[PDB]
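One structure below.
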Amino acid sequence: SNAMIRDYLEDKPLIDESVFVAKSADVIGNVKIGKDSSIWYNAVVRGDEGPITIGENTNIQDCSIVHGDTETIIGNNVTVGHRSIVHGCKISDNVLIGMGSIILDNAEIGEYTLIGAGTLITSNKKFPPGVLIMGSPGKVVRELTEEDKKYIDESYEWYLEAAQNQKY
Amino acid sequence: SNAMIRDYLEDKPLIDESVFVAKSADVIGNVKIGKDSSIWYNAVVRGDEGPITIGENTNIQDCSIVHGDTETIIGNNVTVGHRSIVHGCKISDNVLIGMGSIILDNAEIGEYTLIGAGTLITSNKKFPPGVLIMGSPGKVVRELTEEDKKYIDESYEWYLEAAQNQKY
Amino acid sequence: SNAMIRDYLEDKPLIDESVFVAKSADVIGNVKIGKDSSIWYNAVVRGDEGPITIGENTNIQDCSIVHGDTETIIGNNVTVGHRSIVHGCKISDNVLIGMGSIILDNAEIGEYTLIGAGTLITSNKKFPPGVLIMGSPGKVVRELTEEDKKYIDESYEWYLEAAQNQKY
Ligand SMILES: [Mg+2]
Ligand code: NI
Ligand code: NI
Ligand code: NI
């Protein structure tokens, strides 16, 4: 990278050709989106402060908002539930964020984690992988079962499929 | 119905001609919206998983989201407050869902129910009719008064008028 | 004012030429927005019931909603965090509303107030100036320090820049 490239990246999201982006969604600024991910209706992914990196096969559902003081990193195979706010945090692979949840700056969610709807995770909170987290403030309920890790897998898989239909 | 009609239904919402749908809203997939209902700014009504049925005189306020693993049924004279998430549940007639509430799959709300702002009702939760429900998790506070039922009517009634002003 | 002006004001927001309004935002009805403020992606500012007044240098972040039974007043130098609902309340100058908060009708927030993410303030609730409010229901945590008030100023200031960059 160089001066002109940094300017380009500040203005033009690097969105993989394979990514479904609903017309009503706004993907603004410095945003890298990986293979087969999907951005749903009225979502806002704005990398104008901290940049945003979204992995592969990850879904950002309707009206969800991604923004951040520091960088926001969302892994591969992640499901971001409807109207969730992922703000400057770090989300490992195979995480399902329950609809309406808010995860604030510098929080870290470990791999194969399930987050209940409407969960509020304040800044700098770390969580071990393989757990169920719920509530406000979000706390660990129990370790995840193989059946739970599966549910996580079916969710992102479903979205891979629905994503095709919304333009094929 | 037949194969061709089922295919039409997965792509074209059945929206009664009287319904007001803000331009910024997204009504997508298998969705049926009845007479004199209204869909407000940036709402998202997505019936691409469980189909969605919305009754008559029912208002879905700004940035609300209707989606579901299972079928979502919203009755008549229902007021879905700003930014609510109604997901795979059953909402009876004359219900006012407080703004920012989240009602999950298979949950069931009885007729003439008033729900406080910011309420979180998890899946399969059921409630009797004629109550004030409130909080996270949502619980019944008391039974509804005539005064409360009137307020519920005035609410949807106001939206019938406002919707017409958004057409004329 | 007169009949024709009242009718114009009910249909056409008074937006200062200086204000950045994202294309995906809806600014509807009787809304007045002051110098150097900014309305972000997919926000809805609807003054079709109570009118809305937004001061100078104030930012209404993504998917935030402004609406109200009664009048809604937002002062100057205010930061309205992502997905907040500011509903028929009175917000003083230099206030930062944490993302995902809900402030209901007739609530009154004083100058130099910091509100944590996900806070739910019900109607008629009142707070003094110089405090940190948080939770559901929102309560005062401690008075604000100079370091805190600075944070408030830097927040709206950052948005002034950002708004400019979303135009040049
Ligand atoms: Mg939109
Ligand atoms: Ni932000
Ligand atoms: Ni859903
Ligand atoms: Ni309202």
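So you can find residues: chains in the structure tokens are A, B, ... in the order shown, residues in each start at 1, and ligands are numbered from 1 in order.
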
List as a Markdown table every residue of chain C that is in contact with ligand 2, defined as an atom at most 9 Å from one of its atoms (using only C-alpha atoms and all ligand atoms), together with the nearest atom pair and the distance in Å rounded to one decimal, sorted by chain and then rising number.
```
| residue | atom | partner | partner_atom_place_in_ligand_line | distance |
| --- | --- | --- | --- | --- |
| C:61 | CA | ligand 2 | 1 (Ni) | 8.0 |
| C:62 | CA | ligand 2 | 1 (Ni) | 8.8 |
| C:81 | CA | ligand 2 | 1 (Ni) | 6.9 |
| C:82 | CA | ligand 2 | 1 (Ni) | 6.5 |
| C:99 | CA | ligand 2 | 1 (Ni) | 7.7 |
```

Under the rule of at most 8 Å, produce a per-residue listing of chain A near chain C: chain, number, name, the closest pair of atoms, and the distance in Å, as a Markdown table, using only C-alpha atoms.
```
| residue | atom | partner | partner_atom | distance |
| --- | --- | --- | --- | --- |
| A:24 | CA | C:24 | CA | 7.6 |
| A:26 | CA | C:41 | CA | 7.1 |
| A:42 | CA | C:42 | CA | 6.9 |
| A:44 | CA | C:41 | CA | 6.9 |
| A:48 | CA | C:162 | CA | 7.7 |
| A:63 | CA | C:63 | CA | 7.4 |
| A:65 | CA | C:62 | CA | 7.6 |
| A:102 | CA | C:100 | CA | 7.8 |
| A:120 | CA | C:118 | CA | 7.4 |
```

Would you save the residues from that selection as a PDB file, in the first residue's frame, using N, CA, C and O atoms?
```pdb
ATOM      1  N   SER A  24     -30.595  -2.122   0.207  1.00  0.00           N
ATOM      2  CA  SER A  24     -30.814  -1.174   1.339  1.00  0.00           C
ATOM      3  C   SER A  24     -29.691  -1.122   2.371  1.00  0.00           C
ATOM      4  O   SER A  24     -29.692  -0.265   3.224  1.00  0.00           O
ATOM      5  N   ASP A  26     -25.879  -0.414   3.779  1.00  0.00           N
ATOM      6  CA  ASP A  26     -24.855   0.627   3.527  1.00  0.00           C
ATOM      7  C   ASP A  26     -23.535   0.046   4.002  1.00  0.00           C
ATOM      8  O   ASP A  26     -23.399  -0.294   5.187  1.00  0.00           O
ATOM      9  N   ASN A  42     -30.968  -3.266   5.180  1.00  0.00           N
ATOM     10  CA  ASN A  42     -30.776  -2.104   6.034  1.00  0.00           C
ATOM     11  C   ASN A  42     -29.655  -2.217   7.052  1.00  0.00           C
ATOM     12  O   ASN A  42     -29.598  -1.448   7.993  1.00  0.00           O
ATOM     13  N   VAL A  44     -25.832  -1.601   8.371  1.00  0.00           N
ATOM     14  CA  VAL A  44     -24.838  -0.525   8.183  1.00  0.00           C
ATOM     15  C   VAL A  44     -23.466  -1.036   8.663  1.00  0.00           C
ATOM     16  O   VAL A  44     -23.316  -1.396   9.825  1.00  0.00           O
ATOM     17  N   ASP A  48     -15.463   3.935   8.895  1.00  0.00           N
ATOM     18  CA  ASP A  48     -14.896   5.276   8.779  1.00  0.00           C
ATOM     19  C   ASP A  48     -14.077   5.716   9.999  1.00  0.00           C
ATOM     20  O   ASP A  48     -13.434   6.753   9.966  1.00  0.00           O
ATOM     21  N   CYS A  63     -30.541  -4.770   9.535  1.00  0.00           N
ATOM     22  CA  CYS A  63     -30.434  -3.638  10.447  1.00  0.00           C
ATOM     23  C   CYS A  63     -29.324  -3.730  11.454  1.00  0.00           C
ATOM     24  O   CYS A  63     -29.328  -2.930  12.423  1.00  0.00           O
ATOM     25  N   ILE A  65     -25.464  -3.248  12.763  1.00  0.00           N
ATOM     26  CA  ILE A  65     -24.539  -2.149  12.655  1.00  0.00           C
ATOM     27  C   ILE A  65     -23.140  -2.548  13.075  1.00  0.00           C
ATOM     28  O   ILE A  65     -22.937  -3.097  14.156  1.00  0.00           O
ATOM     29  N   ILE A 102     -25.541  -6.362  21.736  1.00  0.00           N
ATOM     30  CA  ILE A 102     -24.589  -5.281  21.584  1.00  0.00           C
ATOM     31  C   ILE A 102     -23.299  -5.782  22.187  1.00  0.00           C
ATOM     32  O   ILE A 102     -23.297  -6.264  23.310  1.00  0.00           O
ATOM     33  N   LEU A 120     -25.908  -7.858  26.255  1.00  0.00           N
ATOM     34  CA  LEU A 120     -25.105  -6.634  26.271  1.00  0.00           C
ATOM     35  C   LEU A 120     -23.731  -6.949  26.878  1.00  0.00           C
ATOM     36  O   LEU A 120     -23.605  -7.309  28.071  1.00  0.00           O
TER      37      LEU A 120
END
```

Quick one: everything within 10 Å of residue 148 (chain B), counting only C-alpha atoms, minus sequence neighbours fewer than 5 positions away in the same chain. Send it as a PDB file with N, CA, C and O atoms, in the first residue's frame.
```pdb
ATOM      1  N   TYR B 112     -55.395  -7.983  23.509  1.00  0.00           N
ATOM      2  CA  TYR B 112     -55.477  -6.857  24.463  1.00  0.00           C
ATOM      3  C   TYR B 112     -54.364  -6.895  25.508  1.00  0.00           C
ATOM      4  O   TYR B 112     -54.583  -6.892  26.722  1.00  0.00           O
ATOM      5  N   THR B 113     -53.150  -6.912  24.974  1.00  0.00           N
ATOM      6  CA  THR B 113     -51.943  -6.925  25.745  1.00  0.00           C
ATOM      7  C   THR B 113     -51.134  -5.672  25.412  1.00  0.00           C
ATOM      8  O   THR B 113     -51.035  -5.240  24.238  1.00  0.00           O
ATOM      9  N   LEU B 114     -50.572  -5.087  26.455  1.00  0.00           N
ATOM     10  CA  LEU B 114     -49.753  -3.910  26.371  1.00  0.00           C
ATOM     11  C   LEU B 114     -48.343  -4.321  26.833  1.00  0.00           C
ATOM     12  O   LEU B 114     -48.149  -4.887  27.923  1.00  0.00           O
ATOM     13  N   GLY B 130     -55.216  -9.429  28.063  1.00  0.00           N
ATOM     14  CA  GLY B 130     -55.594  -8.393  29.030  1.00  0.00           C
ATOM     15  C   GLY B 130     -54.555  -8.054  30.080  1.00  0.00           C
ATOM     16  O   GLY B 130     -54.892  -7.797  31.220  1.00  0.00           O
ATOM     17  N   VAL B 131     -53.285  -8.001  29.690  1.00  0.00           N
ATOM     18  CA  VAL B 131     -52.251  -7.712  30.646  1.00  0.00           C
ATOM     19  C   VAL B 131     -51.251  -6.683  30.181  1.00  0.00           C
ATOM     20  O   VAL B 131     -51.226  -6.302  29.018  1.00  0.00           O
ATOM     21  N   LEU B 132     -50.484  -6.207  31.149  1.00  0.00           N
ATOM     22  CA  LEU B 132     -49.357  -5.339  30.935  1.00  0.00           C
ATOM     23  C   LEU B 132     -48.199  -6.284  31.175  1.00  0.00           C
ATOM     24  O   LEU B 132     -48.134  -6.937  32.238  1.00  0.00           O
ATOM     25  N   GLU B 143     -53.268  -6.716  35.259  1.00  0.00           N
ATOM     26  CA  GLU B 143     -54.271  -6.831  34.226  1.00  0.00           C
ATOM     27  C   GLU B 143     -54.560  -5.448  33.690  1.00  0.00           C
ATOM     28  O   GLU B 143     -54.360  -4.440  34.372  1.00  0.00           O
ATOM     29  N   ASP B 153     -56.316   1.131  21.278  1.00  0.00           N
ATOM     30  CA  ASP B 153     -57.105   1.441  20.108  1.00  0.00           C
ATOM     31  C   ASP B 153     -56.633   2.783  19.508  1.00  0.00           C
ATOM     32  O   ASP B 153     -56.308   2.859  18.322  1.00  0.00           O
ATOM     33  N   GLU B 154     -56.570   3.829  20.334  1.00  0.00           N
ATOM     34  CA  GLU B 154     -56.110   5.149  19.872  1.00  0.00           C
ATOM     35  C   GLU B 154     -54.783   5.090  19.099  1.00  0.00           C
ATOM     36  O   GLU B 154     -54.570   5.842  18.150  1.00  0.00           O
TER      37      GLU B 154
END
```

Checklist entry - Would you name the residues within 10 Å of ligand 4, counting only C-alpha atoms and all ligand atoms, and put them as a ChimeraX atom specification? => result /B:61-62,81-82,98-99,155 /C:46-50,65-70,85-88,104-105

Grab the residues selected above and save them as an mmCIF file, in the first residue's frame with N, CA, C and O atoms.
```
data_model
loop_
_atom_site.group_PDB
_atom_site.id
_atom_site.type_symbol
_atom_site.label_atom_id
_atom_site.label_comp_id
_atom_site.auth_asym_id
_atom_site.auth_seq_id
_atom_site.Cartn_x
_atom_site.Cartn_y
_atom_site.Cartn_z
ATOM 1 N N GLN B 61 -43.796 -0.173 12.887
ATOM 2 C CA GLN B 61 -43.085 1.083 12.911
ATOM 3 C C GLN B 61 -41.639 1.023 12.406
ATOM 4 O O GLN B 61 -41.130 -0.046 12.064
ATOM 5 N N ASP B 62 -41.009 2.211 12.349
ATOM 6 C CA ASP B 62 -39.694 2.405 11.772
ATOM 7 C C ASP B 62 -38.652 1.438 12.307
ATOM 8 O O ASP B 62 -38.598 1.154 13.491
ATOM 9 N N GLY B 81 -44.161 -1.245 17.954
ATOM 10 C CA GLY B 81 -43.421 -0.016 18.248
ATOM 11 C C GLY B 81 -42.103 0.044 17.547
ATOM 12 O O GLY B 81 -41.549 -0.996 17.200
ATOM 13 N N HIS B 82 -41.573 1.263 17.415
ATOM 14 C CA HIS B 82 -40.290 1.497 16.755
ATOM 15 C C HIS B 82 -39.240 0.464 17.115
ATOM 16 O O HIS B 82 -39.083 0.119 18.282
ATOM 17 N N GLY B 98 -44.330 -2.429 22.842
ATOM 18 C CA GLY B 98 -43.507 -1.257 23.186
ATOM 19 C C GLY B 98 -42.256 -1.202 22.331
ATOM 20 O O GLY B 98 -41.668 -2.228 22.027
ATOM 21 N N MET B 99 -41.835 0.011 21.985
ATOM 22 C CA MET B 99 -40.719 0.225 21.076
ATOM 23 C C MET B 99 -39.499 -0.484 21.632
ATOM 24 O O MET B 99 -39.316 -0.592 22.836
ATOM 25 N N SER B 155 -53.909 4.188 19.520
ATOM 26 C CA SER B 155 -52.620 4.009 18.902
ATOM 27 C C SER B 155 -52.710 3.561 17.429
ATOM 28 O O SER B 155 -52.150 4.230 16.545
ATOM 29 N N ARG C 46 -38.644 11.339 12.410
ATOM 30 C CA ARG C 46 -40.022 11.520 12.004
ATOM 31 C C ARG C 46 -40.821 12.435 12.966
ATOM 32 O O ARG C 46 -41.059 12.093 14.122
ATOM 33 N N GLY C 47 -41.206 13.613 12.461
ATOM 34 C CA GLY C 47 -41.953 14.595 13.227
ATOM 35 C C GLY C 47 -43.385 14.741 12.742
ATOM 36 O O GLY C 47 -43.878 15.868 12.536
ATOM 37 N N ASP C 48 -44.052 13.609 12.549
ATOM 38 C CA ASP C 48 -45.423 13.632 12.093
ATOM 39 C C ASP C 48 -46.414 13.599 13.250
ATOM 40 O O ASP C 48 -47.593 13.668 13.039
ATOM 41 N N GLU C 49 -45.916 13.444 14.477
ATOM 42 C CA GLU C 49 -46.769 13.464 15.651
ATOM 43 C C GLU C 49 -46.230 14.674 16.403
ATOM 44 O O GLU C 49 -46.536 15.792 16.042
ATOM 45 N N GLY C 50 -45.381 14.483 17.395
ATOM 46 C CA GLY C 50 -44.795 15.645 18.036
ATOM 47 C C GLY C 50 -43.719 16.157 17.089
ATOM 48 O O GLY C 50 -43.117 15.382 16.363
ATOM 49 N N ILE C 65 -33.596 6.441 15.786
ATOM 50 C CA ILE C 65 -34.940 6.920 15.509
ATOM 51 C C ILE C 65 -35.288 8.060 16.432
ATOM 52 O O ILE C 65 -34.967 8.005 17.619
ATOM 53 N N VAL C 66 -35.955 9.071 15.879
ATOM 54 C CA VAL C 66 -36.474 10.193 16.641
ATOM 55 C C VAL C 66 -37.936 10.323 16.235
ATOM 56 O O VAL C 66 -38.265 10.424 15.029
ATOM 57 N N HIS C 67 -38.790 10.304 17.248
ATOM 58 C CA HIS C 67 -40.224 10.331 17.077
ATOM 59 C C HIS C 67 -40.843 10.713 18.428
ATOM 60 O O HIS C 67 -40.115 10.772 19.418
ATOM 61 N N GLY C 68 -42.151 10.960 18.510
ATOM 62 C CA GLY C 68 -42.682 11.355 19.826
ATOM 63 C C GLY C 68 -44.145 11.679 19.919
ATOM 64 O O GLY C 68 -44.717 12.230 18.982
ATOM 65 N N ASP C 69 -44.750 11.332 21.068
ATOM 66 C CA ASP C 69 -46.168 11.630 21.334
ATOM 67 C C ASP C 69 -46.280 13.136 21.431
ATOM 68 O O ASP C 69 -47.172 13.763 20.875
ATOM 69 N N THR C 70 -45.341 13.686 22.176
ATOM 70 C CA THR C 70 -45.224 15.102 22.379
ATOM 71 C C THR C 70 -43.974 15.508 21.659
ATOM 72 O O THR C 70 -43.304 14.681 21.066
ATOM 73 N N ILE C 85 -33.144 5.237 20.467
ATOM 74 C CA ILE C 85 -34.454 5.820 20.213
ATOM 75 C C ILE C 85 -34.570 6.987 21.170
ATOM 76 O O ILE C 85 -34.460 6.792 22.390
ATOM 77 N N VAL C 86 -34.709 8.192 20.606
ATOM 78 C CA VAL C 86 -34.898 9.415 21.371
ATOM 79 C C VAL C 86 -36.373 9.793 21.133
ATOM 80 O O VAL C 86 -36.713 10.337 20.098
ATOM 81 N N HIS C 87 -37.241 9.474 22.085
ATOM 82 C CA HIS C 87 -38.684 9.545 21.864
ATOM 83 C C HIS C 87 -39.476 10.522 22.724
ATOM 84 O O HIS C 87 -39.889 10.210 23.834
ATOM 85 N N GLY C 88 -39.682 11.719 22.204
ATOM 86 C CA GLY C 88 -40.505 12.721 22.883
ATOM 87 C C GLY C 88 -39.906 13.286 24.153
ATOM 88 O O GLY C 88 -40.628 13.789 25.019
ATOM 89 N N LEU C 104 -37.626 7.796 26.724
ATOM 90 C CA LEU C 104 -39.039 7.977 26.447
ATOM 91 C C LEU C 104 -39.581 9.337 26.739
ATOM 92 O O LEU C 104 -38.884 10.196 27.265
ATOM 93 N N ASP C 105 -40.861 9.500 26.438
ATOM 94 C CA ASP C 105 -41.493 10.809 26.439
ATOM 95 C C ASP C 105 -41.390 11.586 27.718
ATOM 96 O O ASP C 105 -41.649 11.079 28.805
#
```

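Across B:28, B:19, B:5, B:43, the tightest approach to ligand 1 is made by B:43 when counting only C-alpha atoms and all ligand atoms.
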
Next on the checklist: To test your reading of the structure, identify every residue in chain B that backbone DSSP assigns to helix (DSSP H, G or I), and report it as JSON, numbers by chain.
Outcome noted: {"B": [3, 4, 5, 6, 7, 8, 9, 10, 11, 146, 147, 148, 149, 150, 151, 152, 153, 154, 155, 156, 157, 158, 159, 160, 161, 162, 163, 164, 165]}

Checklist entry - For ligand 1, which residue among A:55, A:25, A:3, A:110 is the nearest when counting only C-alpha atoms and all ligand atoms? => result A:25

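One finds CA of residue 119 (chain B) at 7.0 Å from CA of residue 137 (chain B).
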
Next on the checklist: So that I can see what lies close to residue 9 (chain A), please list as a ChimeraX atom specification the residues with an atom at most 10 Å from it, counting only C-alpha atoms and leaving out residues fewer than 2 positions away in the same chain.
Outcome noted: /A:1,4-7,11-14,29-32,47,51

Since we have the selection now, will you write its residues out, keeping C-alpha atoms, as a tab-separated table (two decimals), in the first residue's frame?
```
chain	number	residue	atom	x	y	z
A	1	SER	CA	0.00	0.00	0.00
A	4	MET	CA	-3.28	6.48	-3.25
A	5	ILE	CA	-4.20	2.97	-2.10
A	6	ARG	CA	-4.89	4.13	1.45
A	7	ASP	CA	-7.13	6.80	-0.03
A	11	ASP	CA	-13.42	5.19	0.24
A	12	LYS	CA	-13.99	1.78	-1.37
A	13	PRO	CA	-14.89	-1.29	0.63
A	14	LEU	CA	-12.96	-4.38	-0.48
A	29	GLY	CA	-15.49	3.28	4.24
A	30	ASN	CA	-12.67	0.91	5.10
A	31	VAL	CA	-14.31	-2.49	5.07
A	32	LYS	CA	-12.94	-5.78	3.96
A	47	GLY	CA	-15.42	1.54	8.61
A	51	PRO	CA	-11.56	-0.34	9.96
```

Checklist entry - So which residues of chain B fall under strand (DSSP E or B) by DSSP, listed as an MDAnalysis selection string? => result chainID B and resid 14:15 20:21 26:33 38:39 44:54 59:60 65:67 72:74 79:80 85:87 90:91 95:97 102:103 108:109 113:115 120:121 126 131:134 139:143

Convert the current residue selection to file output with C-alpha atoms, as an mmCIF file, in the first residue's frame.
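Result went into part_6.cif, see below:
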```cif
data_model
loop_
_atom_site.group_PDB
_atom_site.id
_atom_site.type_symbol
_atom_site.label_atom_id
_atom_site.label_comp_id
_atom_site.auth_asym_id
_atom_site.auth_seq_id
_atom_site.Cartn_x
_atom_site.Cartn_y
_atom_site.Cartn_z
ATOM 1 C CA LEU B 14 -49.216 -10.245 -1.070
ATOM 2 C CA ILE B 15 -49.722 -6.656 0.004
ATOM 3 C CA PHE B 20 -48.830 2.081 3.033
ATOM 4 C CA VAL B 21 -45.250 0.888 2.611
ATOM 5 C CA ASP B 26 -38.115 -3.874 2.652
ATOM 6 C CA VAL B 27 -41.003 -6.323 2.381
ATOM 7 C CA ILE B 28 -39.345 -9.437 1.113
ATOM 8 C CA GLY B 29 -40.360 -13.000 0.403
ATOM 9 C CA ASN B 30 -43.477 -14.798 1.624
ATOM 10 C CA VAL B 31 -45.350 -12.048 3.299
ATOM 11 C CA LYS B 32 -48.967 -11.275 3.453
ATOM 12 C CA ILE B 33 -50.147 -7.865 4.645
ATOM 13 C CA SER B 38 -48.804 0.128 7.302
ATOM 14 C CA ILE B 39 -45.066 -0.464 7.074
ATOM 15 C CA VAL B 44 -37.764 -5.030 7.272
ATOM 16 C CA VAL B 45 -40.407 -7.678 6.861
ATOM 17 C CA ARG B 46 -38.661 -10.806 5.566
ATOM 18 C CA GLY B 47 -40.618 -14.019 4.999
ATOM 19 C CA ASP B 48 -37.845 -16.008 3.372
ATOM 20 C CA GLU B 49 -37.725 -18.579 6.194
ATOM 21 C CA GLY B 50 -40.957 -18.814 8.105
ATOM 22 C CA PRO B 51 -43.717 -17.103 6.114
ATOM 23 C CA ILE B 52 -45.259 -13.977 7.579
ATOM 24 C CA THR B 53 -48.807 -12.921 7.926
ATOM 25 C CA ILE B 54 -49.805 -9.440 9.024
ATOM 26 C CA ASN B 59 -48.712 -0.839 12.020
ATOM 27 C CA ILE B 60 -45.052 -1.906 11.825
ATOM 28 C CA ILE B 65 -37.967 -6.434 11.850
ATOM 29 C CA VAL B 66 -40.268 -9.350 11.227
ATOM 30 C CA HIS B 67 -38.553 -12.671 10.409
ATOM 31 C CA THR B 72 -44.755 -15.344 12.210
ATOM 32 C CA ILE B 73 -48.361 -14.307 12.658
ATOM 33 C CA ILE B 74 -49.301 -10.752 13.517
ATOM 34 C CA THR B 79 -49.033 -1.609 16.950
ATOM 35 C CA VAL B 80 -45.424 -2.809 16.579
ATOM 36 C CA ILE B 85 -38.172 -7.474 16.579
ATOM 37 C CA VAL B 86 -41.084 -9.872 16.113
ATOM 38 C CA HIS B 87 -39.597 -13.238 15.370
ATOM 39 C CA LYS B 90 -47.920 -15.265 17.426
ATOM 40 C CA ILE B 91 -49.339 -11.837 18.235
ATOM 41 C CA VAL B 95 -51.624 -5.705 21.028
ATOM 42 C CA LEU B 96 -49.291 -2.805 21.428
ATOM 43 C CA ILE B 97 -45.663 -3.878 21.423
ATOM 44 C CA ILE B 102 -37.929 -8.483 21.116
ATOM 45 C CA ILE B 103 -40.395 -11.379 20.946
ATOM 46 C CA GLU B 108 -47.599 -16.201 22.081
ATOM 47 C CA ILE B 109 -49.179 -12.867 23.058
ATOM 48 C CA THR B 113 -51.943 -6.925 25.745
ATOM 49 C CA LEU B 114 -49.753 -3.910 26.371
ATOM 50 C CA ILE B 115 -46.002 -4.486 26.264
ATOM 51 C CA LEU B 120 -37.450 -9.282 25.873
ATOM 52 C CA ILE B 121 -39.656 -12.331 25.527
ATOM 53 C CA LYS B 126 -46.978 -17.720 26.491
ATOM 54 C CA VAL B 131 -52.251 -7.712 30.646
ATOM 55 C CA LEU B 132 -49.357 -5.339 30.935
ATOM 56 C CA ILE B 133 -46.131 -7.253 30.284
ATOM 57 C CA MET B 134 -42.783 -5.631 30.868
ATOM 58 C CA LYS B 139 -43.387 -10.705 32.985
ATOM 59 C CA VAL B 140 -46.959 -9.738 33.686
ATOM 60 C CA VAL B 141 -47.278 -6.661 35.905
ATOM 61 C CA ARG B 142 -51.056 -6.486 36.136
ATOM 62 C CA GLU B 143 -54.271 -6.831 34.226
#
```

Checklist outcome for this item: From CA of residue 75 (chain C) to CA of residue 151 (chain C) the spacing works out at 17.2 Å

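Take CA of residue 152 (chain B) and CA of residue 18 (chain B): the distance between them is 21.7 Å.
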
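You can rank B:71, B:160, B:35, B:56 by their closest distance to ligand 3 using only C-alpha atoms and all ligand atoms, and at the top of that list sits B:71.
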